[PDB]
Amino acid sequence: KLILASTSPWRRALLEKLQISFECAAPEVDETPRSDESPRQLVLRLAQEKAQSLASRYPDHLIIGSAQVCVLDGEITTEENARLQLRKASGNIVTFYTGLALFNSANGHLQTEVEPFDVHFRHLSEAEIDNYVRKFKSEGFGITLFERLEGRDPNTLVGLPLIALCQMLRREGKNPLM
């Protein structure tokens, strides 16, 4: 009944927390941002399309779609760039936007939500940045780079807004608790 339109092992792991059986499937959606598209609009669209793209292969199902980007001074986002990309993040608040869609392919009902999560980075030195790339995992070693994590749900940062998903599931009469 429940389908995750993703082959991400992180998203898979997160969904397993809800203890509802599901199957994974790759959506094969082009995630390239459009010209005048905001971060919020983009992940919203991508979440929806990923869920809707599987509707014929899984035509009597609740299909979960999700997408995430981060914004580094208003820009949507090799080991070579990480040095710069961490250099860009340094001393700044980097906002992640995570879109979520639950599509009922049986009756066409769609629920969507976009949830922000702010990562406040420490002022980093070049050495730190170098050392870190030599060795981001917000649930792991990336904690060494942060001053503060600010958002509704730490699962969102990892890539699936589970609190929001539970609400959507409750609306579809599939409270994980029942």
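We number the residues from 1 along the sequence you see.
- According to the record, the deposited sequence contains 4 to 9 residues between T77 and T78 that were left without coordinates.
- In terms of unmodelled positions of the deposited sequence, the stretch from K135 to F136 in this entry skips 4 to 9 residues.
- For the pair 29-37 and 117-125, the mean B factor over Cα atoms is greater in 29-37.
- Set 9-17 against 155-163 and average the Cα temperature factors; 9-17 ends up higher.
- Residues shown: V71, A101, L84, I93. Highest C-alpha temperature factor in the entry: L84.
- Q48 sits in the middle third of its chain by CA B factor, as recorded in the PDB entry.
- Annotation for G142: C-alpha temperature factor in the middle third relative to the rest of the modelled chain, per the entry.
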